[PDB]
K.L.:
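Before we start, here is the structure in question, set down as structure tokens.
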Amino acid sequence: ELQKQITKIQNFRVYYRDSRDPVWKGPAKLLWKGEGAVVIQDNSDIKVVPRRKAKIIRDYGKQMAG
Amino acid sequence: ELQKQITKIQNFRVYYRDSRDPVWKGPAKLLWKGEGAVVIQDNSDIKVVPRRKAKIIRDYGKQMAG
Amino acid sequence: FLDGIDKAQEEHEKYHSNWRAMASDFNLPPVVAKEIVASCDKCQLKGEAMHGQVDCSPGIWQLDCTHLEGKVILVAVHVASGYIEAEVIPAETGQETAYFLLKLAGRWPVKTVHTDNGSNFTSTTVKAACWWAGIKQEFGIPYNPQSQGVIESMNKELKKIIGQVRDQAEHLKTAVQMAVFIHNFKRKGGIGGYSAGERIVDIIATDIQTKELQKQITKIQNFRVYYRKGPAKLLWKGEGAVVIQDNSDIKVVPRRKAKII
Amino acid sequence: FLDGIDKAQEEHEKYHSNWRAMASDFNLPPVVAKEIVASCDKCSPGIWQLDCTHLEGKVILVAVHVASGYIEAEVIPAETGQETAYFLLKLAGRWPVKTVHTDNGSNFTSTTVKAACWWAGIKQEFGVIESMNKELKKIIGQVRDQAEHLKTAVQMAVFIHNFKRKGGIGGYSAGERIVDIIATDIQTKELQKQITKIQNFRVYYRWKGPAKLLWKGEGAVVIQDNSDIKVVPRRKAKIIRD
Amino acid sequence: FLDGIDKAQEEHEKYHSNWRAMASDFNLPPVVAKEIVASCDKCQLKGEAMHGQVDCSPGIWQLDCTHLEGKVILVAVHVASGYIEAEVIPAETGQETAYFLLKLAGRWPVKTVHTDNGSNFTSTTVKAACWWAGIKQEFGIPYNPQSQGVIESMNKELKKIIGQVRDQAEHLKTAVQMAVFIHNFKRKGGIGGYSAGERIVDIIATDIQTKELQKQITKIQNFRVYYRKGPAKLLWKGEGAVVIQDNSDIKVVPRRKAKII
Amino acid sequence: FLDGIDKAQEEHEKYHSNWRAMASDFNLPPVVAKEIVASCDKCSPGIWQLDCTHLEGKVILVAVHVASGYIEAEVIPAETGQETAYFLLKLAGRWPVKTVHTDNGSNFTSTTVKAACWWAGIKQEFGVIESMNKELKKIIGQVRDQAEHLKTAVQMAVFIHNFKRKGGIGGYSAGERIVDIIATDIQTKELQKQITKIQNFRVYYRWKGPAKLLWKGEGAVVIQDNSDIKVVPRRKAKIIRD
Amino acid sequence: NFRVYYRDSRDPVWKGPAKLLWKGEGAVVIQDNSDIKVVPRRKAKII
Amino acid sequence: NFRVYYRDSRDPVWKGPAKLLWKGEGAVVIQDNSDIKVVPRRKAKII
DNA sequence: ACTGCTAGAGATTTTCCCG
DNA sequence: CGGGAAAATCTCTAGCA
DNA sequence: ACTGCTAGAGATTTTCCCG
DNA sequence: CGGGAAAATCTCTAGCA
Ligand SMILES: Nc1c(C(=O)NCc2ccc(F)cc2F)c(=O)n(O)c2ncc(CCCCCCO)cc12
Ligand SMILES: Nc1c(C(=O)NCc2ccc(F)cc2F)c(=O)n(O)c2ncc(CCCCCCO)cc12
Ligand SMILES: [Mg+2]
Ligand SMILES: [Mg+2]
Ligand SMILES: [Mg+2]
Ligand SMILES: [Mg+2]
Ligand SMILES: [Zn+2]
Ligand SMILES: [Zn+2]
Ligand SMILES: [Zn+2]
Ligand SMILES: [Zn+2]
């Protein structure tokens with residue numbers, strides 16, 4: 001009953017940015033969402049983004065895949 | 001008596017630019033200099049640059065090498 | 001060398017040479033000539049070639065007053081989505097700004113407002129309205145519009161759309177609301193291929209859904225983690241990495257240097 | 001996919017779920033589950049209601065999202081067609097307004113409001129709006145003493161109604177309810193767009209007769225033929241237009 | 001599809017949707033929605049995201065008038081080297097500009113002058129001075145300062161150096177000439193690690209030397225080349241490539257598809 | 001390199017060329033050829049001359065590069081120290097001026113000219129300048145009728161003298177001669193900078209005694225020991241400072 | 001042939017379409033209403 | 001510790017040095033003559 | 001048919017310098 | 001061949017009406 | 001202790017679509 | 001697997017006082 005909510009929270013995509021890179025990195029996989037940080041998985045790399053550097057969406061072109 | 005002047009004219013370095021690249025490419029080797037074009041050799045590639053896109057210098061830190 | 005340091009300092013006090021000129025003319029290494037430049041107070045005239053990055057949390061809006069046709073348009077943007085609201089106000093005062101902000105806070109979940117240091121936003125009236133609605137005011141650095149770089153850009157875009165619909169309306173406020181319509185619902189692009197209205201609905205619904213999902217996950221999972229140290233809190237585990245939080249620092253460890261309880 | 005489709009269709013034969021439950025439970029694409037729920041014979045978010053209420057000798061335009069109870073009220077200087085059209089243009093630019101349901105007054109049947117509703121693409125129609133009017137007037141009577149003008153009190157009541165009053169099933173506010181309803185409508189519109197995108201493709205599989213396309217992946221092609229859903233590999237299938 | 005084309009055109013005449021919005025809302029491919037946008041005259045509001053590249057031949061200078069402390073400084077730059085000349089002139093007229101330009105043409109080999117469309121440079125007086133000295137005038141596109149992007153940048157740099165030496169001089173013209181000294185001889189960098197004076201000497205001496213060397217090479221070498229065609233002129237040959245010129249087009253061929261006579 | 005050094009030194013023993021001919025003929029670095037020409041016991045571009053000439057009741061400052069004949073003349077409004085210092089600051093910012101040779105007048109011995117020459121780093125000293133003055137006055141008398149003011153005629157004569165009069169050995173103008181002379185001076189200064197850069201390195205080779213460094217390449221190190229020049233490989237050599 | 005929409009003279013108002021007389025590296029020469037203008041290619045869009 | 005030269009308030013004149021109280025991602029907080037100022041890092045040089 | 005550039009500040013990548 | 005050290009190169013910005 | 005961004009235009013690279 | 005075709009992505013600019 002727990003694993004379904006974890007797979008549900010990994011269905012959300014994150015568009016994030018690094019510290020001196022002005023370009024938005026692509027849709028990562030939301031692993032964890034906190035009050036001040038967001039743990040993502042981008043290109044098999046587990047990153048910790050600040051909350052102020054991430055845009056988390058459930059892209060509603062999920063009606064093809066995901 | 002001819003080949004000495006050809007090796008002399010190849011001692012000059014050319015800093016050139018391409019059409020939509022704003023950055024100056026490095027010191028090529030001046031093969032030929034015309035009234036409107038300049039034939040250079042950069043990274044084993046023979047290029048033809050316009051005259052308005054090239055800065056030809058004999059770099060006077062030739063007192064180490066060349 | 002050292003004689004070159006003395007002569008190079010004495011000529012930098014005249015000519016203010018750069019490091020390359022003093023390194024060439026006085027046989028100095030680049031470290032010494034760079035130190036001769038870096039000690040002159042008159043030569044520090046350029047800053048860092050960077051830009052910052054604005055806050056794009058889901059609750060922060062950016063507000064600015066722009067001017068068109070002799071009238072004042074107060075514009076707000078949702079920074080995470082690009083959703084704008086805009087209204088032609090009769091004057092650039094604190095009463096009109098506080099009314100616009102209380103109205104916007106009643107419409108959407110506004111948690112933070114980022115403005116420049118315009119008198120409209122700096123007033124006690126907007127301060128009382130943000131205190132009532134529970135909004136946090138975050139003023140930018142004065143005379144630095146790049147801190148408001150979202151809303152200023154949206155000012156540009158808003159004026160562009162007004163120039164495409166100005167002949168469709170008789171008044172400016174009608175053209176402003178028509179441009180707000182066109183930006184929020186008739187322009188698509190950005191991170192999801194969305195319009196700004198679809199994107200703000202996705203941002204806010206995702207914030208609600210992920211907040212309640214993480215509240216349901218955190219309630220069940222209670223696993224004390226000893227990494228490499230002390231007892232942390234487990235945030236996530238998947239098959240080769242474990243993300244934890246020990247003393248308010250969120251870290252990632254491999255399965256080596258980890259053990260969970 | 002071949003595991004999930006038979007499970008979902010027999011589950012629909014069992015107790016007739018909708019396609020969202022099937023796309024969540026059996027990892028189906030929503031078009032496949034939509035075709036599962038659409039092959040059984042036995043198996044609103046853009047409607048707003050507008051009115052003008054009168055309080056303290058002034059006129060308040062009130063627009064209620066009927067599906068949510070979300071409210072947008074505004075003190076207008078006159079109950080005319082120009083102010084109504086301006087309020088409607090603001091509302092249509094703020095939210096996805098598809099139909100506006102009014103009470104056949106004099107300011108809602110204006111040529112100005114008709115032109116505004118034509119421009120924004122809104123249909124006009126002539127115990128939800130007066131219930132919300134009474135609840136909003138109750139909040140205005142509560143927080144009138146915290147403001148000097150009636151505009152501020154109306155916007156304060158709209159804030160309190162949309163975000164500080166929680167009721168219903170799960171105890172949500174009207175703002176959370178409207179963003180859930182509009183997100184569900186965006187999902188429904190994207191699904192209908194994708195279904196409309198793939199209905200003009202006919203496939204030929206293994207040949208055999210023409211079948212409808214439902215899903216085209218990176219290795220598999222999910223088709224529907226003779227009202228049963230099959231999964232063929234990509235190279236055994238020819239997808240053409242019609 | 002085609003019904004979508006009709007409805008998408010009729011909504012683009014209202015809302016001016018971009019191609020992404022009409023491609024999503026009316027099931028259009030990107031080609032059709034892009035053609036609906038590209039036919040609206042009201043939607044062509046952005047140019048090409050490029051920049052040009054100024055002429056940097058060894059004979060072209062770029063001139064501009066800048067203003068400092070209520071006085072006018074006429075500045076010229078050698079575009080190929082960055083060597084500047086500058087003078088505080090009493091007025092921004094054509095007589096002072098023609099005097100400055102005749103003086104500069106007497107000092108250095110000036111072959112082309114590139115200016116903006118300031119009245120100083122557009123006058124009949126500067127036109128007669130450039131006719132006398134044999135200089136070609138190349139005015140930029142009006143209200144486009146990027147065409148003069150070298151000299152405008154040098155205006156910036158010149159003012160910077162004046163702000164470092166303004167307390168060393170009592171008059172502005174002394175500080176201007178001190179800054180010209182510091183730019184031409186006390187700042188090093190650029191393509192050869194040179195100062196601007198060393199670089200202009202290298203540019204012009206290289207132009208003279210390479211011109212006379214190519215005149216000596218061209219006089220001896222006379223080899224008719226048949227490539228792949230007709231008789232060309234040999235420009236260069238080295239061990240794997242041959243550079244030729246047939247009908248005023250300078251081409252490079254390999255040793256395959258070539259034969260020289 | 002080992003082929004070239006013995007050839008160049010025996011060629012210097014033969015007919016005593018300078019280092020530029022050796023660096024051109026035998027593909028030597030200029031420091032090696034400079035040490036070849038510097039081990040034989042038996043083996044100007046910054047000097048300007050200033051004066052004031054008087055013509056049509058006005059004063060013309062004339063500065064001649066002595067090595068080239070290149071001229072810079074300017075009609076000044078007064079023969080004072082302020083105008084002389086302004087002319088000298090313009091000239092020093094335009095060309096590499098190292099020494100200025102004047103005629104011990106009243107405007108060349110001013111405190112203002114002394115301060116200007118101190119700031120720009122110019123030494124002052126008290127049949128070249130009056131020869132060029134007579135030639136320049138001849139050109140001014142030629143092209144006076146093509147101008148209205150004397151300033152224009154002076155700048156026209158400076159143009160004609162520097163670029164339209166060709167004499168000397170190869171038939172060059174004064175502008176070509178000054179850019180050749182200043183380019184040769186830049187080469188001489190860069191060579192002296194590199195020689196000063198490597199004189200505080202002593203090398204130990206094959207050990208054996210301390211030798212002077214002359215050239216350090218990517219594979220070879222050219223040294224001089226006991227007044228003979230050797231070439232050792234890099235790994236057989238230890239280059240340290242002293 | 002080609003349509004050029006351009007930005008002429010200190011005016012933010014874009015205007016056009018015009019005929020493309022000459023496309024160069026960096027700028028274009030166009031003809032709008034028998035007026036030949038030289039526009040930078042940053043201030044021009046060609047279709 | 002650190003010297004900060006900065007660009008304060010619509011003034012092209014650079015000024016300093018000041019003490020670096022706080023270096024952040026994007027901006028700095030400095031103290032010049034007992035005046036605490038927040039400068040963008042584009043308008044500040046830290047040595 | 002004409003055209004952004006320049007110099008400095010920091011980051012990053014390449015070369016050097018002996019073990 | 002290999003790690004630091006240093007040099008060279010890449011990236012990016014303001015200001016030039 | 002706070003912070004450039006956005007959308008469009010063209011170039012370029014990656015993915016697709018059947019052979 | 002392989003060439004065009006098309007989509008996606010990268011690069012870069014003006015304008016926002
Ligand atoms: N605007 C002028 C600027 C100028 O904006 N610089 C700033 C500037 C802006 C952007 C850029 F990328 C480089 C820059 F430098 C400038 O520098 N100079 O010199 C100018 N000189 C003369 C005239 C007036 C033109 C006469 C009317 C033409 C009628 O046909 C205008 C200007
Ligand atoms: N200069 C203002 C701009 C502005 O220059 N934009 C252009 C602009 C320039 C660069 C950029 F990167 C983004 C931009 F947009 C702008 O857009 N707005 O809104 C402003 N609003 C208020 C005040 C006054 C500040 C009050 C005094 C503070 C005392 O502490 C100034 C401005
Ligand atoms: Mg503002
Ligand atoms: Mg603004
Ligand atoms: Mg100008
Ligand atoms: Mg200018
Ligand atoms: Zn200094
Ligand atoms: Zn059923
Ligand atoms: Zn349009
Ligand atoms: Zn000798």
Side-chain angles (χ1 to χ4, degrees), chain A residues 20 22-23 26 52, chain B residues 20 22-23 26 52, chain C residues 18-19 29-31 45-55 64 66-67 79 82 138 140-141 144-160 187 189-190, chain D residues 235 238-239, chain E residues 18-19 29-31 45-55 64 66-67 79 82 138 140-141 144-160 187 189-190, chain F residues 235 238-239, chain G residues 7 12 21-22 24-29 36 38-43 45, chain H residues 7 12 21-22 24-29 36 38-43 45:
Chain A
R20 287 172 75 100
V23 69
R52 63 174 204 272
Chain B
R20 287 172 75 100
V23 69
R52 63 174 204 272
Chain C
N18 47 5
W19 75 263
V31 197
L45 317 166
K46 188 154 179 58
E48 188 168 353
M50 69 165 311
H51 273 284
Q53 283 178 357
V54 306
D55 201 315
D64 197 19
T66 193
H67 292 242
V79 181
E138 284 267 82
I141 288 164
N144 184 48
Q146 281 88 355
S147 312
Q148 294 90 33
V150 192
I151 184 56
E152 300 288 339
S153 177
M154 290 308 185
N155 280 334
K156 185 259 294 176
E157 262 297 309
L158 186 62
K159 291 186 149 183
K160 214 159 169 180
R187 299 300 174 99
Chain D
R235 219 170 273 98
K238 173 199 303 299
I239 310 104
Chain E
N18 47 5
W19 75 263
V31 197
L45 317 166
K46 188 154 179 58
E48 188 168 353
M50 69 165 311
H51 273 284
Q53 283 178 357
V54 306
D55 201 315
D64 197 19
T66 193
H67 292 242
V79 181
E138 284 267 82
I141 288 164
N144 184 48
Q146 281 88 355
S147 312
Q148 294 90 33
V150 192
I151 184 56
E152 300 288 339
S153 177
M154 290 308 185
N155 280 334
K156 185 259 294 176
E157 262 297 309
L158 186 62
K159 291 186 149 183
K160 214 159 169 180
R187 299 300 174 99
Chain F
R235 219 170 273 98
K238 173 199 303 299
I239 310 104
Chain G
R7 225 180 78 204
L21 303 185
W22 174 79
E25 186 267 329
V28 291
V29 168
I36 292 182
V38 193
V39 192
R41 277 168 54 174
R42 308 176 283 113
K43 317 194 187 180
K45 185 198 198 320
Chain H
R7 225 180 78 204
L21 303 185
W22 174 79
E25 186 267 329
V28 291
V29 168
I36 292 182
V38 193
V39 192
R41 277 168 54 174
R42 308 176 283 113
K43 317 194 187 180
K45 185 198 198 320

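We use all heavy atoms of the structure for the numbers below, so side chains are in, but hydrogens, waters and symmetry mates are not. Naming: A, B, ... by sequence-line order, numbering from 1 per chain.
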K.L.:
Is I:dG10 paired with J:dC10? Use Watson-Crick or G-U wobble and require both distances under 3.5 Å.
P.N.:
yes

K.L.:
Please report the distance, rounded to the nearest Å, between NZ in G:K43 and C1' in L:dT13.
P.N.:
12 Å

K.L.:
Identify whether any heavy atom of C:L158 sits under 4.0 Å from a base atom; if not, whether one sits that close to sugar-phosphate; answer base, sugar-phosphate or nothing.
P.N.:
nothing

K.L.:
Does a distance-only test, which skips hydrogens and angles, find a donor-acceptor pair under 3.5 Å between the side chain of G:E25 and the base of I:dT3?
P.N.:
yes

K.L.:
Would I:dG8 and J:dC12 pass as a Watson-Crick or G-U wobble pair if both distances have to be under 3.5 angstrom?
P.N.:
yes

K.L.:
Establish whether I:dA9 and J:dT11 are paired, applying the Watson-Crick or G-U wobble definition with both distances under 3.5 Å.
P.N.:
yes

K.L.:
In whole Å, what separates the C1' atom of J:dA6 from that of K:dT13?
P.N.:
37 Å

K.L.:
Is there a Watson-Crick or G-U wobble pair linking J:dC1 and I:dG19, both distances under 3.5 Å?
P.N.:
yes

K.L.:
Answer yes or no: does a side-chain N or O of E:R187 lie under 4.0 Å from OP1 or OP2 of I:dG8?
P.N.:
yes

K.L.:
Considering every strand and a 4.0 Å limit on heavy-atom distances, what is the contact class for B:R52: base, sugar-phosphate, or nothing?
P.N.:
base

K.L.:
Can I:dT12 and L:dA8 be counted as paired, Watson-Crick or G-U wobble, both distances less than 3.5 Å?
P.N.:
no

K.L.:
Classify the nucleic acid contact of C:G140 as base, sugar-phosphate or nothing, counting any heavy atom under 4.0 Å across all strands shown.
P.N.:
sugar-phosphate

K.L.:
Whole angstroms only, please: what is the NZ-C1' distance between E:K159 and I:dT6?
P.N.:
16 Å

K.L.:
Remember a base hit wins even if backbone is also touched, and classify E:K160 as base, sugar-phosphate or nothing at under 4.0 Å, heavy atoms.
P.N.:
nothing

K.L.:
Look at all strands and tell whether C:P145 reaches a base, only sugar-phosphate, or nothing, counting heavy atoms closer than 4.0 Å.
P.N.:
nothing

K.L.:
Looking for any heavy atom pair under 4.0 Å, which part of the strands does H:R41 touch: base, sugar-phosphate only, or nothing?
P.N.:
nothing

K.L.:
In whole Å, what separates the P atom of K:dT12 from that of J:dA5?
P.N.:
42 Å

K.L.:
E:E157 near the nucleic acid: base, sugar-phosphate alone, or nothing, with a heavy-atom cut-off under 4.0 Å?
P.N.:
sugar-phosphate

K.L.:
Name the pairing partner of J:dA5, where a pair is Watson-Crick or G-U wobble with both distances under 3.5 Å, or state none.
P.N.:
I:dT15

K.L.:
Touch check for C:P29, heavy atoms < 4.0 angstrom, all strands: base, sugar-phosphate only, or nothing?
P.N.:
nothing

K.L.:
Taking CD1 from C:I151 and P from L:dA17, how many angstroms apart are they, rounded to a whole number?
P.N.:
10 Å

K.L.:
To the nearest angstrom, how far is E:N18 atom CG from K:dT6 atom P?
P.N.:
15 Å

K.L.:
Is K:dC18 a north or a south sugar when classified by the sign of torsion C1'-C2'-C3'-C4'?
P.N.:
south

K.L.:
When you compare J:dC16 with L:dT9, how far apart are their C1' atoms, in angstrom units rounded to a whole number?
P.N.:
34 Å

K.L.:
Now, which nucleotide makes the Watson-Crick or G-U wobble pair with L:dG15, with each of the two distances under 3.5 Å?
P.N.:
K:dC5

K.L.:
Would you indicate which nucleotide in J:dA17, K:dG4, I:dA1 comes nearest to any side-chain atom of E:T66?
P.N.:
J:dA17

K.L.:
Identify whether any heavy atom of E:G47 sits under 4.0 Å from a base atom; if not, whether one sits that close to sugar-phosphate; answer base, sugar-phosphate or nothing.
P.N.:
sugar-phosphate

K.L.:
Which part of the nucleic acid, if any, lies within reach of D:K238 when heavy atoms closer than 4.0 Å are counted: base, sugar-phosphate only, or nothing?
P.N.:
nothing

K.L.:
Taking for each residue the nucleotide of DNA chain J with the nearest heavy atom, is it C:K46 or E:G149 whose nucleotide lies nearer the 5' end?
P.N.:
C:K46

K.L.:
Could you state the CG-P distance from E:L45 to L:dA14, rounded to the nearest angstrom?
P.N.:
15 Å

K.L.:
Which part of the nucleic acid does C:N144 contact within heavy-atom distance under 4.0 Å: base, sugar-phosphate only, or nothing?
P.N.:
sugar-phosphate

